[PDB]
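J.: Enclosed is the structure file structure.tsv (TSV, C-alpha atoms and all ligand atoms).
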chain	number	residue	atom	x	y	z
N	1	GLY	CA	0.00	0.00	0.00
N	2	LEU	CA	0.91	3.69	0.06
N	3	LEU	CA	2.81	3.62	3.39
N	4	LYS	CA	5.00	0.77	2.13
N	5	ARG	CA	6.14	3.14	-0.62
N	6	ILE	CA	7.24	5.62	2.02
N	7	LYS	CA	9.33	2.90	3.69
N	8	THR	CA	10.99	2.38	0.33
N	9	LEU	CA	11.59	6.07	-0.11
N	10	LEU	CA	13.29	6.29	3.27
O	101	LIG	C1	-2.71	4.64	3.48
O	101	LIG	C2	-4.24	4.83	3.49
O	101	LIG	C3	-4.70	5.54	4.79
O	101	LIG	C4	-6.22	5.89	4.80
O	101	LIG	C5	-6.54	7.39	4.42
O	101	LIG	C6	-6.54	7.68	2.88
O	101	LIG	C7	-7.81	7.12	2.17
O	101	LIG	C8	-7.66	6.95	0.62
O	101	LIG	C9	-6.61	5.88	0.14
O	101	LIG	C10	-6.94	4.43	0.63
O	101	LIG	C11	-5.97	3.39	0.03
O	101	LIG	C12	-6.24	1.97	0.57
O	101	LIG	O1	-5.27	1.67	1.61
O	101	LIG	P1	-5.23	0.19	2.18
O	101	LIG	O2	-4.67	-0.79	1.22
O	101	LIG	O3	-6.52	-0.26	2.75
O	101	LIG	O4	-4.18	0.68	3.28
O	101	LIG	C13	-3.88	-0.21	4.38
O	101	LIG	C14	-2.92	0.54	5.37
O	101	LIG	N1	-2.47	-0.28	6.63
O	101	LIG	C15	-1.68	-1.55	6.24
O	101	LIG	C16	-1.53	0.61	7.46
O	101	LIG	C17	-3.66	-0.66	7.52
O	102	LIG	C1	-10.66	10.03	2.53
O	102	LIG	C2	-11.64	8.89	2.88
O	102	LIG	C3	-13.01	9.09	2.18
O	102	LIG	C4	-14.03	7.99	2.58
O	102	LIG	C5	-15.38	8.18	1.83
O	102	LIG	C6	-16.40	7.00	2.04
O	102	LIG	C7	-15.95	5.59	1.50
O	102	LIG	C8	-15.66	5.57	-0.04
O	102	LIG	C9	-15.30	4.13	-0.52
O	102	LIG	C10	-14.75	4.09	-1.98
O	102	LIG	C11	-13.24	4.49	-2.05
O	102	LIG	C12	-12.68	4.30	-3.48
O	102	LIG	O1	-11.31	4.80	-3.55
O	102	LIG	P1	-10.14	3.91	-2.91
O	102	LIG	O2	-10.23	2.47	-3.25
O	102	LIG	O3	-9.98	4.13	-1.46
O	102	LIG	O4	-9.08	4.71	-3.79
O	102	LIG	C13	-7.71	4.29	-3.71
O	102	LIG	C14	-6.83	5.31	-4.51
O	102	LIG	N1	-5.33	4.90	-4.69
O	102	LIG	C15	-5.19	3.61	-5.52
O	102	LIG	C16	-4.64	6.03	-5.47
O	102	LIG	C17	-4.60	4.74	-3.35
O	103	LIG	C1	-6.88	12.80	4.16
O	103	LIG	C2	-6.77	11.67	3.12
O	103	LIG	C3	-7.25	12.15	1.71
O	103	LIG	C4	-7.01	11.09	0.59
O	103	LIG	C5	-5.51	10.96	0.18
O	103	LIG	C6	-5.31	9.96	-0.99
O	103	LIG	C7	-3.84	9.99	-1.47
O	103	LIG	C8	-3.61	9.10	-2.72
O	103	LIG	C9	-2.17	9.29	-3.26
O	103	LIG	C10	-1.90	8.47	-4.54
O	103	LIG	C11	-0.51	8.81	-5.14
O	103	LIG	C12	-0.18	7.94	-6.36
O	103	LIG	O1	1.02	8.47	-6.98
O	103	LIG	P1	1.80	7.54	-8.01
O	103	LIG	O2	0.92	6.87	-8.98
O	103	LIG	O3	2.73	6.61	-7.36
O	103	LIG	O4	2.50	8.86	-8.58
O	103	LIG	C13	3.19	8.78	-9.85
O	103	LIG	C14	3.95	10.14	-10.06
O	103	LIG	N1	4.65	10.32	-11.45
O	103	LIG	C15	3.63	10.35	-12.60
O	103	LIG	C16	5.38	11.67	-11.43
O	103	LIG	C17	5.70	9.22	-11.72
O	104	LIG	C1	0.98	15.33	6.50
O	104	LIG	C2	1.24	14.04	7.30
O	104	LIG	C3	2.08	13.02	6.48
O	104	LIG	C4	2.20	11.68	7.24
O	104	LIG	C5	3.05	10.64	6.48
O	104	LIG	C6	3.06	9.30	7.25
O	104	LIG	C7	4.06	8.27	6.66
O	104	LIG	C8	4.11	7.01	7.56
O	104	LIG	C9	5.26	6.05	7.17
O	104	LIG	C10	5.53	5.05	8.32
O	104	LIG	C11	6.77	4.18	8.04
O	104	LIG	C12	7.18	3.38	9.30
O	104	LIG	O1	8.51	2.87	9.09
O	104	LIG	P1	9.34	2.34	10.36
O	104	LIG	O2	9.68	0.91	10.26
O	104	LIG	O3	8.73	2.69	11.66
O	104	LIG	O4	10.52	3.32	9.92
O	104	LIG	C13	11.83	3.11	10.47
O	104	LIG	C14	12.70	4.36	10.12
O	104	LIG	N1	14.16	4.33	10.70
O	104	LIG	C15	14.98	3.14	10.15
O	104	LIG	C16	14.86	5.62	10.25
O	104	LIG	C17	14.17	4.30	12.24
O	105	LIG	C1	1.15	6.11	9.94
O	105	LIG	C2	0.66	5.20	11.08
O	105	LIG	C3	-0.19	4.03	10.54
O	105	LIG	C4	-0.67	3.08	11.67
O	105	LIG	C5	-1.47	1.88	11.09
O	105	LIG	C6	-1.68	0.76	12.14
O	105	LIG	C7	-2.60	-0.37	11.58
O	105	LIG	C8	-2.43	-1.71	12.36
O	105	LIG	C9	-1.25	-2.57	11.79
O	105	LIG	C10	-0.82	-3.74	12.74
O	105	LIG	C11	0.08	-3.30	13.94
O	105	LIG	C12	1.51	-2.87	13.50
O	105	LIG	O1	2.39	-2.76	14.65
O	105	LIG	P1	2.33	-1.43	15.55
O	105	LIG	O2	1.51	-1.60	16.77
O	105	LIG	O3	1.97	-0.21	14.79
O	105	LIG	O4	3.91	-1.56	15.82
O	105	LIG	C13	4.86	-1.14	14.80
O	105	LIG	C14	5.31	0.33	15.08
O	105	LIG	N1	6.30	0.94	14.01
O	105	LIG	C15	5.61	1.12	12.65
O	105	LIG	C16	6.73	2.33	14.51
O	105	LIG	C17	7.58	0.10	13.83
O	106	LIG	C1	4.74	16.09	7.96
O	106	LIG	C2	5.79	15.16	8.60
O	106	LIG	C3	5.36	13.67	8.53
O	106	LIG	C4	6.39	12.75	9.23
O	106	LIG	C5	5.95	11.26	9.18
O	106	LIG	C6	6.92	10.35	9.99
O	106	LIG	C7	6.51	8.85	9.89
O	106	LIG	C8	7.42	7.91	10.74
O	106	LIG	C9	7.02	7.88	12.25
O	106	LIG	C10	8.02	7.02	13.07
O	106	LIG	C11	7.80	7.18	14.60
O	106	LIG	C12	9.06	6.78	15.39
O	106	LIG	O1	8.82	6.96	16.79
O	106	LIG	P1	10.02	6.65	17.80
O	106	LIG	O2	10.92	7.81	18.03
O	106	LIG	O3	10.78	5.42	17.47
O	106	LIG	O4	8.94	6.44	18.94
O	106	LIG	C13	9.35	6.60	20.30
O	106	LIG	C14	8.18	6.28	21.29
O	106	LIG	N1	7.87	4.76	21.54
O	106	LIG	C15	9.12	3.96	21.97
O	106	LIG	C16	6.85	4.68	22.68
O	106	LIG	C17	7.24	4.12	20.29
O	107	LIG	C1	8.03	20.33	0.16
O	107	LIG	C2	7.22	19.06	-0.16
O	107	LIG	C3	7.91	18.21	-1.26
O	107	LIG	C4	7.04	16.99	-1.66
O	107	LIG	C5	7.76	16.11	-2.72
O	107	LIG	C6	6.80	14.99	-3.24
O	107	LIG	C7	7.40	14.21	-4.44
O	107	LIG	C8	8.16	12.93	-4.00
O	107	LIG	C9	8.66	12.13	-5.24
O	107	LIG	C10	9.29	10.75	-4.89
O	107	LIG	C11	10.68	10.86	-4.21
O	107	LIG	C12	11.49	9.56	-4.35
O	107	LIG	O1	11.95	9.47	-5.72
O	107	LIG	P1	12.70	8.15	-6.18
O	107	LIG	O2	11.80	7.02	-6.46
O	107	LIG	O3	13.80	7.76	-5.27
O	107	LIG	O4	13.22	8.92	-7.49
O	107	LIG	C13	12.45	8.91	-8.73
O	107	LIG	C14	11.30	9.98	-8.65
O	107	LIG	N1	10.60	10.33	-10.01
O	107	LIG	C15	10.04	9.09	-10.74
O	107	LIG	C16	9.42	11.26	-9.69
O	107	LIG	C17	11.56	11.09	-10.96
O	108	LIG	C1	3.37	19.73	2.74
O	108	LIG	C2	3.54	18.33	3.37
O	108	LIG	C3	4.93	17.73	3.07
O	108	LIG	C4	5.20	16.49	3.96
O	108	LIG	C5	6.60	15.86	3.71
O	108	LIG	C6	6.94	14.83	4.82
O	108	LIG	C7	8.34	14.18	4.61
O	108	LIG	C8	8.78	13.39	5.87
O	108	LIG	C9	10.15	12.70	5.65
O	108	LIG	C10	10.61	11.89	6.89
O	108	LIG	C11	12.06	11.37	6.71
O	108	LIG	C12	12.50	10.43	7.84
O	108	LIG	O1	13.91	10.18	7.64
O	108	LIG	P1	14.52	8.77	8.09
O	108	LIG	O2	13.54	7.66	8.08
O	108	LIG	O3	15.30	8.83	9.34
O	108	LIG	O4	15.42	8.84	6.77
O	108	LIG	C13	16.08	7.66	6.29
O	108	LIG	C14	17.41	7.45	7.11
O	108	LIG	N1	18.32	6.27	6.62
O	108	LIG	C15	18.84	6.53	5.19
O	108	LIG	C16	19.53	6.20	7.56
O	108	LIG	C17	17.59	4.91	6.67
O	109	LIG	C1	14.68	10.11	2.78
O	109	LIG	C2	14.16	11.42	2.15
O	109	LIG	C3	13.28	12.23	3.16
O	109	LIG	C4	12.52	13.42	2.49
O	109	LIG	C5	11.25	12.96	1.71
O	109	LIG	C6	10.46	14.13	1.04
O	109	LIG	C7	11.19	14.84	-0.16
O	109	LIG	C8	11.40	13.91	-1.40
O	109	LIG	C9	11.90	14.68	-2.66
O	109	LIG	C10	13.46	14.73	-2.83
O	109	LIG	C11	14.15	15.83	-1.97
O	109	LIG	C12	15.61	16.06	-2.44
O	109	LIG	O1	16.22	17.10	-1.63
O	109	LIG	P1	17.64	17.68	-2.09
O	109	LIG	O2	17.54	18.86	-2.99
O	109	LIG	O3	18.55	16.65	-2.63
O	109	LIG	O4	17.95	18.05	-0.56
O	109	LIG	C13	18.13	19.43	-0.18
O	109	LIG	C14	19.04	19.49	1.09
O	109	LIG	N1	20.59	19.41	0.83
O	109	LIG	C15	21.09	20.63	0.02
O	109	LIG	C16	21.30	19.44	2.19
O	109	LIG	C17	21.00	18.11	0.11
O	110	LIG	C1	4.93	14.94	-8.85
O	110	LIG	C2	6.38	14.42	-8.92
O	110	LIG	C3	7.36	15.40	-8.21
O	110	LIG	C4	8.82	14.88	-8.26
O	110	LIG	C5	9.80	15.89	-7.59
O	110	LIG	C6	11.30	15.48	-7.71
O	110	LIG	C7	11.66	14.21	-6.88
O	110	LIG	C8	13.19	13.99	-6.82
O	110	LIG	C9	13.54	12.67	-6.09
O	110	LIG	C10	15.07	12.44	-5.99
O	110	LIG	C11	15.36	11.14	-5.20
O	110	LIG	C12	16.85	10.79	-5.17
O	110	LIG	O1	17.01	9.64	-4.29
O	110	LIG	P1	18.48	9.09	-4.06
O	110	LIG	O2	19.43	10.11	-3.56
O	110	LIG	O3	19.02	8.36	-5.23
O	110	LIG	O4	17.93	8.11	-2.90
O	110	LIG	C13	17.68	8.61	-1.55
O	110	LIG	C14	19.02	8.67	-0.73
O	110	LIG	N1	18.89	9.30	0.71
O	110	LIG	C15	18.00	8.44	1.62
O	110	LIG	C16	20.29	9.35	1.32
O	110	LIG	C17	18.34	10.75	0.67
So, in terms of structure tokens, how does the structure I just supplied come out?

T.:
Amino acid sequence: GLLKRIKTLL
């Protein structure tokens, strides 16, 4: 989901 993409970004 969308928050998993943030974990990737970081
Ligand atoms: C990240 C969405 C937060 C809700 C507010 C935005 C509403 C519009 C987008 C809704 C997208 C659907 O998300 P989902 O696959 O059910 O997300 C599950 C997230 N957790 C694993 C942390 C429970
Ligand atoms: C902000 C919350 C509003 C709630 C309004 C009442 C329920 C509406 C249910 C239908 C919601 C339909 O869209 P969704 O599957 O979530 O879109 C996901 C969009 N992305 C793929 C870009 C993450
Ligand atoms: C308070 C809650 C209100 C509802 C919030 C819903 C947020 C949904 C965000 C969905 C973002 C999807 O972006 P994406 O497809 O990965 O971007 C692609 C970008 N380029 C074209 C430049 C490559
Ligand atoms: C306007 C408000 C925007 C809110 C955006 C929320 C995004 C949430 C993303 C939540 C990701 C959780 O990752 P985590 O495993 O706890 O991260 C660990 C990070 N370090 C390795 C540096 C300690
Ligand atoms: C942006 C915040 C989204 C919160 C969504 C919670 C939905 C329930 C998911 C199941 C419980 C997840 O484990 P928790 O208890 O959160 O422990 C993990 C805490 N960190 C992420 C900081 C490592
Ligand atoms: C607009 C800015 C948006 C920023 C979004 C940030 C998302 C990531 C949040 C990560 C939260 C990290 O918490 P922490 O320091 O390890 O918790 C310390 C307290 N406890 C030990 C009780 C859990
Ligand atoms: C002040 C607020 C600024 C908000 C910025 C929001 C945009 C974040 C964009 C994603 C950042 C991570 O990009 P990346 O996947 O590692 O690089 C490729 C990125 N493009 C495909 C778009 C070229
Ligand atoms: C207008 C609203 C704009 C909101 C923009 C919010 C952006 C929040 C960004 C939060 C960044 C958290 O950094 P972090 O996990 O420690 O970094 C990764 C660190 N390592 C490389 C060592 C793993
Ligand atoms: C892990 C990333 C956390 C932030 C996420 C939100 C922003 C993503 C868009 C990419 C931001 C890129 O910024 P930058 O021009 O290279 O940095 C400016 C600061 N310095 C001059 C010191 C390098
Ligand atoms: C709507 C679209 C707007 C896009 C705006 C421009 C986004 C530019 C993203 C540039 C991302 C470059 O990431 P990188 O330094 O290779 O990896 C991250 C490395 N750190 C964790 C150390 C910071």

J.: Between atom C7 of ligand LIG 105 (chain O) and CA of residue 5 (chain N), what is the distance, to one decimal in Å?

T.: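 Here the two named atoms are 15.4 Å from each other.
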
J.: Draw an axis-aligned box tight on the listed atoms of chain N, then pad every side by 8 Å and write out centre and edge lengths in Å to one decimal as AutoDock Vina command-line options.

T.:
--center_x 6.6 --center_y 3.1 --center_z 1.5 --size_x 29.3 --size_y 22.3 --size_z 20.3

J.: Neighbouring residues of ligand LIG 109 (chain O) are defined here as those with any atom at most 12 Å from a ligand atom, counting all atoms listed in the file; list them as a PyMOL selection string.

T.: chain N and resi 5-10

J.: Distance atom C17 of ligand LIG 107 (chain O)-CA of residue 3 (chain N), one decimal place?

T.: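 That distance, rounded to one decimal, is 18.4 Å.
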
J.: Hey, which residues sit close to ligand LIG 101 (chain O)? Say within 9 Å, counting all atoms listed in the file, and write them as number ranges by chain.

T.: N: 1-4
